[PDB]
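Presented below is the structure to which this report refers.
Residue numbering begins at 1 within each chain, and the chains themselves are lettered A, B, C, D, E and F in the order written.
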Amino acid sequence: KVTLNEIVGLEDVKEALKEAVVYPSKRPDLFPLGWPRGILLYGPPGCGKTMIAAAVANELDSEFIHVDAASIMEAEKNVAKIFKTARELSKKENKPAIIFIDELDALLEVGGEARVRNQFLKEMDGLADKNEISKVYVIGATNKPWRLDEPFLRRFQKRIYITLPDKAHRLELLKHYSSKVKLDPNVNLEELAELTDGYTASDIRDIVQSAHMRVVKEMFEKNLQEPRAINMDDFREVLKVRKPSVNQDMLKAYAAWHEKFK
Amino acid sequence: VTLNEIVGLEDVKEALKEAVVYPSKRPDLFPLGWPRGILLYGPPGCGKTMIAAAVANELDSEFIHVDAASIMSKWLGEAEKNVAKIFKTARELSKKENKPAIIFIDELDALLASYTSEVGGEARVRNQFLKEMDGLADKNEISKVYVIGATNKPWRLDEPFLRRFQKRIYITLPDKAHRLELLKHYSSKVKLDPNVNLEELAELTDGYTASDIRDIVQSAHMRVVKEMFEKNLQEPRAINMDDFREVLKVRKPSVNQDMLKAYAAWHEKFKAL
Amino acid sequence: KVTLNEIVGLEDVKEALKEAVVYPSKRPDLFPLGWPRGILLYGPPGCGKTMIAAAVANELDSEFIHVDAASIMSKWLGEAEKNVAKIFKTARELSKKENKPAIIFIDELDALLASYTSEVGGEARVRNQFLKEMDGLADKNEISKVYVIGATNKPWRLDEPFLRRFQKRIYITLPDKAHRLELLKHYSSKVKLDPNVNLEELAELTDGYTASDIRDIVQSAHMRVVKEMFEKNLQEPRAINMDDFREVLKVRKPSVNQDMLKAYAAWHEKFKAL
Amino acid sequence: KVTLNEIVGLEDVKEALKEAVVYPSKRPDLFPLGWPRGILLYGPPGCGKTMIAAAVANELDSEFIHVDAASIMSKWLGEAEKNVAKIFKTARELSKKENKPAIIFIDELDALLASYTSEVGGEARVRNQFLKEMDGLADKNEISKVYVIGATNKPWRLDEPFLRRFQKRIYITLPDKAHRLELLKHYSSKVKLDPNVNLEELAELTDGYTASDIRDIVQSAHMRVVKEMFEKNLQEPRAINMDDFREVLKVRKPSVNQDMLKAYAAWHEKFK
Amino acid sequence: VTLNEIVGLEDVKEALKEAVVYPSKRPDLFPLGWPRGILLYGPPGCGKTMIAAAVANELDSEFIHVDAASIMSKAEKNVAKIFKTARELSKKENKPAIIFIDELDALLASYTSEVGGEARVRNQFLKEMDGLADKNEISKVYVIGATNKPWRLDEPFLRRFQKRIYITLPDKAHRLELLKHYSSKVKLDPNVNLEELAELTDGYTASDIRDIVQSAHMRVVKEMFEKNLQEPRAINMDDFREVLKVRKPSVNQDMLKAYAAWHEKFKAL
Amino acid sequence: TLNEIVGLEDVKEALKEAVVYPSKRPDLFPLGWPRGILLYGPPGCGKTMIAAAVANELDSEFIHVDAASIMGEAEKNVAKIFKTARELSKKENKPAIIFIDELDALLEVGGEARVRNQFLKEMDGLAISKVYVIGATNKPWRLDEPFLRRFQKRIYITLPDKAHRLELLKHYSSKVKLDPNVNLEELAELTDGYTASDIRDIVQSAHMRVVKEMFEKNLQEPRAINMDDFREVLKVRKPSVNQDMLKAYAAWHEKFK
């Protein structure tokens, strides 16, 4: 159960994902010059690229063949099977199957490179338009597109920068991660959102979790029945110590690669 | 898809004719011979691949297409087996029927790297290939076969490699008149709506490669399909001129102003022609 | 045999260990955003990161599956994978219906990132198999319960993927004055000490020494006295004096170099995570 | 080659080749401290080092065992040793009782120092086997006679052991004005030239071009004229004019970059 | 070749006794135990190898000698065996065995397969020393490591050698008994007065004393055969004088400051 | 014999010291004597000819091997080279001398260690008696601190002094008709800094000067050689040993005597 509720906002990113995949599914005839089956989600880590890609499969009541490139690194037997089954699972029932690759970086001594990598690279040239069949997509996810190699890179024509979340994005996160921790007024999430400039969505969950943990520590070593109501100065003290997980230089390194490989 | 000019780039075109179509039609006229190695270098997207296809079809000729990426990664140590075969078959397919065959190499840059592990990836496969071109010259006549190499990164290209391509044609970023016929060809079948006047777009798109024209129209048409969805409807909206306007604020030329100066440098200093 | 009543490290280290592991054990419902199963003990060596982790198992009447990363790399063969899956296997299994949480302890966590032969079975094969196991602890059809305490003196070695399957990281700091005292007591244990010694003023003289090189300082002070009995030719050893500690404390310095102290302190601030 | 052709390269190149090889052939007794059998032709590319070395064999009615170092590395995976010994084998053999000295010529000498697969067999195995062969040419009073002319555009690659089995090193320099003239003649050969062309002032206009990119300049000037006939639709080509050379000489520059020129010049002075 | 002060250097010696001869003679007296790893570090030539032999023979003990060079190039199989046999050779007969490692530095480099070089063989060995501690008693076996380059020595390696003895460049009184021991059998001639040599040889290692006398004696044999006698002449003061102009100390003044630094920051005890 | 190289005494007496004495009179060396001997210096000084001189001083066998050549096994040969040298040192106590040209060249699993430690071991073995190993190198940088300690005797074959050069200039004048006015002495001192190798070159190239003449002049006989021949050939030809290699040797020399 994870439709387009969904991630919290992010529209820009989202409509560009629709554009790539939801439309040619709904109406292929409208794309005479075709449309690319390879799609790349690149950005700082924690922004939960894995959850976004799940959202599009469920938008299309579609199968979501998830694989972590770590594990899959023969091993040729598996890489052909992952496509195999996705095409197969795209039955006469034109339900498009979505293959999702976590840590795409990790696909990059004779058998390590090439053997398993070109076998996979080839598979994507195949998705194009061999006697129609059609349907199957590949969403690759990476926090390190530096690793990504100029051949690899051209079997992913659609590349969407999952950006670090803006102030308005954070707010609805801070809401969604407040969800069920009894919050106490005086907290005013809005001023947090803006205090949390530069944090990924991952290390927001952390912030709240560690703030709420603050309160549970009290109940135990105070010996209260119930936790304390979670205060604003909880966030303040936890926000001194916890910093953004994405370093200012990684931020300039992404920004560079982004403009040179749109 | 013959040499009607894929699109009115004349300058480029006549220099390609010069290199290949003439010696085919009339070799006796070239007593000092003529070079079989020919290099298409410039910013990417200008579709060097389509141009080279045009010359084969100008000569009712075979077009042996190969991406240098694959020939490096995709085999093993003995990716030598394939590089000799590519020439093999092109000569063979240049039968008694003096139909000249054209080998086209996408990403020529890629023969100079991509070895990963086992030893060099250099020399073994590269000199085998470099040798093959010395062979095209004039070994017991036979003749006929050409090599069109394509690259967006002639920096990579190495001063030995370079000299088995004596004919070098800068495929330049397309001029206003070129663009127009592209904008036409990529409008082809997207219901366009009057008020659009392609001419003033062609001139608005100064500095874009031919690749990121297809993008601009595709993304403008995508604008109209986005509307149809959740409003519903089976035809989309009629594609407007302010579509192009808003899409043209966000989408910029894919070829960076510094790459433009880097090509221009290498063009003047390495490339006589 | 050694529960987490514990002697001193409250302020920081111990309560931060409780926080991580003892609470979610006693009361999981109180953590709706869950809680991390991977927990990292990083600091200068000698502070006995191994004895601390034992303390939390015995706090939870819990099993303590101890493994040295050295052995799991060198020992076995190519299929040292067989062992790494078994270590988790048995810990889950031994976390029976009896919701007693099992605690895997990894000495020298650094050592999973090198020490092989067939370049390619060395890395990845065994390392990702292990890295994967920890993603598994999270929340696969509940089961729950099992933890991983990794210990290291060299978190520089530690690698940014590895690092993120240990979300709880506790700097086991060089021991404070109050800590030392109860060590100096525990290592005096049975060496006839002689009054005039007053351990308190030692504890404060031994600012900057690890717990390891306290045992050394007393052992070498007591050795001072045995040297006497022999080359003096006395029948008992001498009673161990205070000026023993003084002259042994000139020569023996802290084992943790002032630069390794700045190197920890750096890594600490750039990879904090409570 | 028939007096060893007076192509022009007198002071410097040719006499220095004669010096090395033609004299000890004609009159060994005159060299009591012996004379080196390894001889290196190093310079910018295109100057046709391969044609020069042919000239010396034909000066001595001598055999010219030509081998490209590329091929000898590539073929016969590991046992490309079999060929390298055979090349010398045959050259000594072909230097029969008939004291005709044989000349081995090695194109791209640089290429013996790379281009392999198995770490251990690439270097050493084939390279020392070859290096050893040259120590053999010295004397062991078995045969004498055989020489090795190595050719390279990249003597940087050349390695300080390799280097010392070539004691005679001749910089084949970019061709002088007088040299060019007889090239411009030889490459005019059969392209109907038209008076008004006066090759002499071209030779001096083409200062800094290698011999290779002179063939290019004329070929591309003649191509100028054929382009006319076609798009003009004339029945013959046009007669090749002087302003052809002029407009082709704006665009075509020397193929040897001014920095390569300083890099050779450096290596030249540090390894005479 | 026991000790007793067979070489005449005490400070070093009593600190070696302290470490090893006492716990052998009377373990009960050490309740906090005693370290089995012991490190001999200093300038080269001072013959660390002969010193360590002396303690084995002090204890009628076995002396398992191994050069770390060989164990690297010429390997896990052997490193376990070296300990294996030393424990085994420490039979019910509580005769403590002593493993001696020449060039301890050499366990930290070598190799061929980067990764079997480090760790594989090094940690196997490092583990072995944690084992000597007190696994179900057994006890007895020691490890004397020798090095001229403790810079190489690595802060983990270092801490399985808790006893570290700086074998210092030999003092004037030490040298004398060397000059005696290396005159041993070269017919010396009066006029020579070894005492004033000992003090002339300030700053030389014990190694380059053997050299100085050998090369002085060589002076006299060269005469024989440049002059043509059947035995040597010969042997005299002024030989030493001329040979002492040319031959200098083998231990450079900067190595001297580098040891001295590493010694202070930080030697144990 | 010891004619021999021409006259380098210093070097020579230090070679005698190492090898000729313990051969004639071992009893005089109670602390033994080293069997491994290293000849290190700039190239061309003909280390190979010097080592031949000591074998012939001892009417001794001279097992010559280039480390280039001896580099899948190759272990078979390295054991055989010692084998035969010990064997050839028969009951007849004639000491055999193994000479290794380019010792540097002994330094993927089989390349290092396999053949190298097999060889390193052989020298620990020499410690029967009789057999020696003279290793030669122009690049003792390559030489490795284990290798290096199985060669306890190390003699810097220095760039040849003025008196040395003279008898070379004589020996390489040997048979080229020289012409008075030449006065070799002032050449020897003009040739400060040249190796013995690039003396042979100097004369050979000076004599070649004269043969040039005969040919392009068309004389019957060469011209007589000269003095200003040497002068012009000495402008162009410089020492083959670079001033930096000179400082690099000098460094290694003092740090590894």
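Criterion: a residue touches a chain if its C-beta (ideal position, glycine included) is under 8 Å from a C-beta of that chain, and two chains touch if they have at least 3 such contacts.
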Would you mind checking the shortest number of contact hops between subunit D and subunit F? 1
Any chain in contact with subunit A as well as subunit E: C
Chain whose mean Cα position lies farthest from subunit A: F
Subunit B and subunit D have mean C-alpha positions lying a whole-number Å distance apart equal to 36
Please work out the Cα centroid separation of subunit B and subunit E, and write it as a whole number of Å. 73
Going through subunit B residue by residue, note those that touch at least 2 other chains and give them in order. 118
Does the chain-touch network form a line, ring, star, complete graph or other? ring
Let me make sure I follow the ring: beginning at subunit A and going to subunit B first, which chains come in turn? A, B, D, F, E, C
List of subunit B residues in touch with subunit D within their complex: 14, 18, 22, 26, 29-34, 77, 80, 118-120, 122-124, 127-128, 130-131, 163, 166, 269, 272-273
Interface with subunit D, subunit F side, in the complex: residues 68-69, 71, 108, 110-111, 172, 174-176, 200, 203-204, 207-208, 211-212, 214-216, 222, 236-237
